[PDB]
Every structure is written in structure tokens, then in C-alpha cells.
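# Descriptive analysis of the structure
Okay, here's what each chain looks like letter by letter:
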Amino acid sequence: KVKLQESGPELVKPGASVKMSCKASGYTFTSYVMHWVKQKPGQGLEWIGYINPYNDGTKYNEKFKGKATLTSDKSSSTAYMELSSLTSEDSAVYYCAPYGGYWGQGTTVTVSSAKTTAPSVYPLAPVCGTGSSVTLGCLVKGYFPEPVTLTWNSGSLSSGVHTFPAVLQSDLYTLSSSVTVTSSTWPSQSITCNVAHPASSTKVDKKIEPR
Amino acid sequence: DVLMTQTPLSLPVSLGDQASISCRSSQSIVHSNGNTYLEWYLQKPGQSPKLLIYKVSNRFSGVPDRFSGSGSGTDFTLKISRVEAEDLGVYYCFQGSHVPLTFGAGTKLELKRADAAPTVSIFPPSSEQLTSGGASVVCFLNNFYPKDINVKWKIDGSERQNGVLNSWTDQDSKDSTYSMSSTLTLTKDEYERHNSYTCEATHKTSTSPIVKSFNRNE
Ligand SMILES: CCCCC[C@H]1O[C@@H](O)C[C@@H]1n1cnc(C[C@H](NC(C)=O)C(=O)O)c1
């Protein structure tokens, strides 16, 4: 079968460069050009351009001239793409594809100057005051890099939960989670937030106390 | 630059219904060689786009025949006779006839359900964060439908956007509603120069904003 192997995720510094690879197998590399597509997280798709392995001919989207450089190696059926002068704007997932039917798994590029930083975890109890349903929260701030895994009572309490996608703060991330239970259940019982940040090998547990 | 406008940008349907997506090119996409390279893609979260239709109306290997494509010259349409759950995701039309090749903005095929107002909760800064010198005010807007919504913060009556970070969840897997978290971060100093913190949510299920609020010195 046609297979397109792309290089692992890249965490690089602004201003520098990065060169990803796309190794083709399962077909004749020189029988098709190799297109590259950019996708900024949660958004659209953009055609960067292509390289014809046979004669090294290229065609670029004027928007990416100078930013991207496409090259190819016939000896190993491997195409490459080099991004120069990175900025957070270049953070995205890059794909290679010989034609519409077969795309690589993509290469994630994250352009940032941050260092691994464990998250600050704060419990979110309701304002002093009651109805029959309570909503409790947990806010994890300023961590890096992604991701973190949050659970409630270790994973037992998983209904009525909403964990929101992380978003950039400074060049640090911030995410939150809310779980709603009947007030008959809280604070009579227990409810604690479990935040694990695999990058700093930290797992914090903060339990929600009434104010 | 051939721009590809697809309509709608969001398409709610009920399992079993029909689904039609439109895509029109700002100009003819007949390639010099005589073919029309208009394609349709479906992409699921954390995955790469999968080809469904190529050359206007040709199904790619393994693609179910309830998917069909048609149109010509400048107007193209993708139709799903009866929507299944593996069909939910983002669709794209694409043209590979004129460089720069371009994609449509995408159409998210999501699930239809009954309108539901958001359950609004507001949370003052935790004692911990305040001890650390920071002050975040959180406001959750949960379990609403449809997805379009807007949150507005008011500090002592003053509208505030500087320092507000929002995040939206994908359509819930169980009840098909949407949620949102809005967080206002100030410094403790700043936080203490004020008393009333308010988050208003205007959603289509009402012309009147649902407002939650608290007075700091209470
Ligand atoms: C991300 C995958 C994009 C695939 C684009 C190709 O598939 C069809 O839409 C045709 C399109 N394509 C555009 N240019 C090419 C290669 C080019 N062929 C033609 C007919 O111009 C060449 O041989 O240099 C292929």
C-alpha cells in the first residue's frame, strides 16, 4: 500500500529553521509530485506548493515563497520541506501528499521560546450562598508544553463534565474544567481535581472545598 | 487566486436526513488539460483529510455511495443521501486546476437537537491564587444549543475585554450541546480596586442576557 512517513513533532525557537521529511514507500516516488499542505490548529487548509521529484521542478504559492523551501531525494524516495525564520504564525500541522487519495500523518510544528513549566492548579468553589445542582471547577494555569490530563476523583466522576481546550496565555498555556453534580452529593461527599503534566512529571490533586 | 466559497459554514442535521453542501469557485476551474480537478474532503479531529470525491463526481476507493458529487463550471455540490455517525466532521472542497491550489473554508457537519439555554456559573478567585498575587475570575456557560454565543464582562459596570481568555468545547458526545469557559485574569492589586464582577451571556434562546455576578467584599 501507499505509505507516507512524516517526521516527528517539532518544538522549535522563533527565528530559527526546521526541516521535515516525508518518506514515500508503496509506489514509484517519481511518478507523482509531492504537495505540502498547512493547517493552523482548529482552522482551514492551505496548499503550500509542490516539488516534482523527477526533475526537481517546483511550484510555490506566492504566500509561501521564501518561507518554505521544497527539496527531494530520489535515492531514498524522501521529500523535504524547510521553513525559515519561524514565528508563531508557522506553528501548525504540515502534510505531504502525492495526490488527493493519500496524505501523510502530518508533522506538528510548535514555534515557541518557552521552557517546560509545571502548571499552577486552583480549585473553583461556588460563591458563598443554594439550588439543587452545583457546578464546581478547576483551573490549570501557565504550563508548558502541552498537554496535561485532568480527571475528577481519578476518573470515577466523569458525567456532567466539561474540560475545555487549552489556550495560550503569555507563551504558557491555560485550561479549565467544570463538573456539575447534585447538591445532595457535594460537599457531603468528596470531589478533587487531578492534573497530570507528563512533561514535568507532576500530578497535582486539589480538592474543592466550600468557600 | 481562485477562491472557493462553500455554503454553509456549519450544517446541523439529524441522523438519517439528507445533507447538501455547496461550493462555488470565483472562476472556472477547467484545467488546461480538459479535466476539472474539484475534490471533496472529510476530516475528523486529530486526523488527516480523507478524499471522498475527485474530478467533480468520482468516488474514491472505499467511499460509501451515499456520497455523490456534482455540478459544473463554477457551481459544485456534495450530497449525503442519509447521514450516519461516521459522517460527522469537517468537509472541504478543493480545486487543483489553477495554482495556487485552494480549499474552501470548510463546513462542519454537526448534530441537530432542541434549543437549550446555557447554565451560567461564575467563580471568584481561589484563596490560593490570591495568596500567589494573581486573580482570575471564571465563568462557565454550559450545555447550550445552538453553538453561537457571546459572553461579556463588566467590572463595576465597565465593559472589559482586556485579559479575557475564551475556550469552546466540541459538540458533546452524549447530549449534543456546546459549552464555553471565559476567564478574566487581573492581578490581585487590580482585583482589589473593584467590587462587582459580572459575566453576561447572550444566546439565541433569549433576547435578554443571562447575567451572573458577585460582589468581592461579600
Ligand atoms: C494535497 C493533495 C493535492 C493534490 C492536487 C492534485 O490532484 C488533482 O487535483 C490534480 C492536482 N495537481 C495539480 N498539479 C498537479 C501536478 C501537475 N499536473 C498537471 C496536470 O498540471 C504536474 O504534472 O506538474 C497535480
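Residues numbered from 1 in each chain as written, not as in the entry; some residues may be left out. Chains lettered and ligands numbered in written order. Heavy atoms only, no water.

### A short note on the domain arrangement of chain A
Residue and element names in this part refer to chain A. Domain parsing of chain A yields domain 1 (1-113) and domain 2 (114-211). Computed from C-alpha atoms alone, the centre-to-centre distance between domain 1 and domain 2 is 37 Å. Contact residues are listed per partner, giving 4 residues for domain 1 and 4 residues for domain 2. Carbon and sulfur atoms make up 46% of the surface buried where domain 1 meets domain 2, a total of about 360 Å² over both sides. When residues of domain 1 are sorted by the area they lose upon contact with domain 2, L11, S112 and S113 head the list and together hold 75% of the total. Here domain 1 and domain 2 share 0 salt bridges between them. In this structure, the connection of domain 1 to domain 2 is made through 1 residue pair in polar contact. Looking at the side of domain 1 that touches domain 2, its residues break down into 1 nonpolar, 2 polar and 1 charged. (Domains from an automatic or database assignment. Contact = heavy atoms within 4.5 Å. Buried area = accessible area lost by both parts, 1.4 Å probe. Salt bridge = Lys/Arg side-chain N within 4 Å of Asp/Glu carboxyl O. Polar contact = N/O pair within 3.5 Å; in protein donor to acceptor, adjacent residues only side chain to side chain. Nonpolar A, V, L, I, M, F, W, Y, C, P; charged D, E, K, R; others polar.)

### Some details on the domain arrangement of chain B
All names here are of chain B. When the domains of chain B are assigned, the result is domain 1 (1-113) and domain 2 (115-214). Computed from C-alpha coordinates alone, the two centres of domain 1 and domain 2 are separated by 36 Å. A per-residue breakdown of the area domain 1 buries against domain 2 is headed by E110, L111 and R113, which together make up 79% of the total. Inspection of the domain 1/domain 2 interface yields 0 salt bridges. Secondary structure elements with two or more residues in the side of domain 1 that touches domain 2: strand 2 (10-13) and strand 11 (107-111). (Helix = DSSP H or I, 4+ residues; strand = E, 2+ residues; numbered from the N terminus.)

### A closer look at the interface of chain A and chain B
With 41 residues of chain A in contact, the opposing surface of chain B contributes 38 residues. Of the roughly 3100 Å² buried where chain A meets chain B, counting both sides, 66% is carbon and sulfur surface. The tally of links between chain A and chain B comes to 1 salt bridge. Breaking the side of chain A that touches chain B down by element, the ones donating at least two residues are strand 4 (34-39), strand 5 (45-52), strand 11 (120-124), strand 12 (133-143), strand 14 (161-163), strand 15 (167-168) and strand 16 (173-182) of chain A. Take the side of chain A that touches chain B: its biggest share by element is 5 residues, from strand 12 of chain A. By residue class, the composition of the side of chain A that touches chain B is 20 nonpolar, 17 polar and 4 charged.

### Describing the side chain of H203 of chain B
All names here are of chain B. Relative to the helices and strands, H203 is located in strand 18 (residues 196-203). Judged by its relative accessible area of 4%, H203 is buried. A distance of 3.5 Å separates the side chain of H203 from the backbone oxygen of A116, its partner in a polar contact. Separated by 3.1 Å, the side chain of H203 and the backbone oxygen of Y145 make a polar contact. (Buried < 20%, exposed > 50% of the residue type's maximum accessible area, 1.4 Å probe, protein only.)

### Some details on the site of the ligand
Every residue near the ligand is listed here: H35, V37, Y50, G100 and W103 of chain A together with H31, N33, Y37, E39, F94 and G96 of chain B. The residues that come close to the ligand belong to more than one chain, namely chains A and B. In the environment of the ligand, an oxygen atom lies 3.0 Å from a nitrogen or oxygen atom belonging to the side chain of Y50 of chain A. In the model, an oxygen atom of the ligand is placed 2.6 Å from a nitrogen or oxygen of the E39 of chain B side chain. Coverage of the ligand by the protein chains reaches 74% of its 590 Å² of free accessible surface. (Near = heavy atom within 4 Å. Areas by Shrake-Rupley, 256 points an atom, 1.4 Å probe, with all protein chains shown as cover.)

### Some details on the sheet that holds strand 3 (residues 19-25) of chain B
What links the strands of a sheet is backbone hydrogen bonding, and the strands pair in either a parallel or an antiparallel sense. Residues and elements named next belong to chain B. One open sheet holds the 4 strands; their spatial order is 1-3-8-7, and the pairing between them is antiparallel. Whereas interior strands pair on both sides, the edge strands pair on one side only; in this sheet they are strand 1 (4-7) and strand 7 (67-72). Across the sheet, the mean angle from the axis of one strand to that of its neighbour is 20°, orientation sign disregarded. Pairing analysis gives 6 bridges linking strand 3 to strand 8 (residues 75-80), with the strands arranged antiparallel. Paired with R24 across the bridge in strand 8 is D75. (Pairing = 2+ DSSP bridges. Axes fitted to C-alpha atoms, helices over the stretch in contact; angles between N-to-C directions.)

### Details of the sheet that holds strand 9 (residues 92-97) of chain A
Residues and elements named next belong to chain A. Taken in spatial order, the 6 strands line up as 2-10-9-4-5-6 in an open sheet, and their pairing is mixed. This sheet does not close on itself; its edge strands, each paired only once, are strand 2 (10-12) and strand 6 (57-60). Recorded for the sheet is a direction-independent mean angle of 20° between the axes of neighbouring strands. Sheet topology places strand 4 next to strand 9; 5 bridges connect them, and they run antiparallel. Paired with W36 across the strands is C96, a residue of strand 9.

### Overview of a nonpolar patch on the surface
All names here are of chain A. Taken together, the side chains of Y32, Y99 and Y102 make up a nonpolar region of the molecular surface, amounting to roughly 260 Å² of accessible area. Relative to the assigned elements, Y99 resides in the loop between strand 9 and strand 10 (107-111). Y99 gets classed as partly exposed once you look at its relative accessible area, which sits at 32%. (Patch = residues over 30% accessible without salt bridge, like charges linked within 9 Å, V, L, I, M, F, W, Y side chains within 5 Å.)

### Focus: the pattern of salt bridges
Residue and element names in this part refer to chain B. Summed over all chains, the structure comprises 13 salt bridges over all chains. A salt bridge links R66 to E84; its shortest N-O distance comes to 3.0 Å. Of the two residues, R66 is situated in the loop between strand 6 (58-59) and strand 7 and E84 in the loop between strand 8 and strand 9 (89-95); the sequence distance between them amounts to 18 residues. Look at the salt bridges and you will find they share partners, linking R66, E84, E86 and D87 into a network.

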